[PDB]
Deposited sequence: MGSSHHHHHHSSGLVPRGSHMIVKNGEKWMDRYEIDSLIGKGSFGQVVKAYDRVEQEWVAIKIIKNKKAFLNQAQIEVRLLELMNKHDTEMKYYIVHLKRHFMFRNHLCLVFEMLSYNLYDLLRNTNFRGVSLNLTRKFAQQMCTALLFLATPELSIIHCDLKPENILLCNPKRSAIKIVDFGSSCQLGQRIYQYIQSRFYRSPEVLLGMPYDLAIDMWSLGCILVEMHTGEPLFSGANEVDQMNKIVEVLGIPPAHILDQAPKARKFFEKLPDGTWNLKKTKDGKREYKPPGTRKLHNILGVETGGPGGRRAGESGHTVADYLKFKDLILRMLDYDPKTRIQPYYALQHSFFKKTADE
């Protein structure tokens, strides 16, 4: 697609903004609205078109709901078919939270900026949980959270290409590996709670600069999670189709790890407080004496993250109750 093309006496293509398995995203001048827009151009392959039609349906469903929470998700302006490609037109946004970490040389941002991100992210999750929506994103990661403006800390969620409503699930293998919830690793039916799991993983990474759980495979992934949060509850592993991919049951109805060729820190011993550096002056001690990073501030953040990383998705912290947490009290 050329960097001067004109479409439908309406759009002038400027540049490639983004690429994907879905196709590509281009910067285009909308001659009617007289503004720049982002156009998501889907490949003319049955598979991407079908999944993108679902994304359009979910996006248009959200547009029909006027609240104070709807403006944390990229607004879909419109869509059309051109040259046999489904085209989604969005408001222009800026760079993503991963690029923001890259720009800190992976040293992380302040707890204060982390809090501002958490609050927006939790308000978006609350909006998707409105019963008549009930949309699971299924691919929350730093790369799918964009700054509205390179000067500001306003963010919006993008990419509803993996998203499904509750009880419209298609795939068992969903979510980006590092952000994949245990329920989805364990091959169990997933909720809106898998996004809260992902959000917890992201918020830590935003502050430390490194992914909380960077598995090289599903097995590696679950082992890195168990290092921090210990063995999942028996009641969960008993109902889990793929419990025996990672764990083994014992005479007395208790569970342990399947082992292979040696090494990980033993279950629950890689403590989040050390990962966060609560009482050691933040991540790698780099925040020693910096304001808004009091041990009290860090402990509230630690408490909220462990509510987002509950193994049980039925007791894992839902969004309204994450906005009530002391970590957000000024």
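Gaps in the model relative to the deposited sequence occur at 1 to 22, 285 to 287, 356 to 359, listed in sequence order.
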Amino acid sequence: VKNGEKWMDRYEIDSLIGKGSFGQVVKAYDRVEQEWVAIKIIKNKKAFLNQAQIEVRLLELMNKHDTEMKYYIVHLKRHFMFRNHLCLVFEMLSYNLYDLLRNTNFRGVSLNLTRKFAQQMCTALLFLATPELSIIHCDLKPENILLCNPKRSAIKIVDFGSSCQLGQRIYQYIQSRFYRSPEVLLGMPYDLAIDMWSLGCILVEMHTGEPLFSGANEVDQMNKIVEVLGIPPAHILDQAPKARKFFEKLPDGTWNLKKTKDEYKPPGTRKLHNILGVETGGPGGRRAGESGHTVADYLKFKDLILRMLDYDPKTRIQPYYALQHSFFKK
From here on, numbers count along this sequence of modelled residues.
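Take the two forms, find the largest set of C-alpha atoms that superpose within 1.5 Å, and that set is the rigid core.
In 9 other deposited structures of this protein, superposed on the rigid core, the segment with the larger root-mean-square CA displacement between 168 to 176 and 145 to 153 is 168 to 176. In terms of root mean square C-alpha deviation after superposing on the rigid core in 9 other deposited structures of this protein, the stretch standing farther out between 319 to 327 and 4 to 12 is 4 to 12. Among other deposited entries of this protein with both flanking residues present, at least a third omit coordinates for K261. Remark: stretch with higher mean C-alpha B factor among 249 to 257 and 206 to 214 is 249 to 257. Across the two stretches, 48 to 56 and 284 to 292, the PDB entry reports the greater mean Cα temperature factor for 284 to 292. Set against one another, the Cα B-factors of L88, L113, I145, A234 in the record reach their highest point at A234. Comparing C-alpha B-factors across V278, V26, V32, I42 in the deposited entry, the largest value falls on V278. Per-chain ranking of the deposited C-alpha B factor places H79 in the middle third. Residue-level temperature factors show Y98 in the middle third of its chain, judged at the C-alpha atom.
The deposited CA B-factor of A240 belongs to the highest third of values across its chain. In the PDB entry, a CA B factor belonging to the lowest third of its chain's modelled residues is recorded for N149. Among the modelled residues of its chain, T123 has a C-alpha B-factor that falls in the lowest third, as given in the PDB entry.
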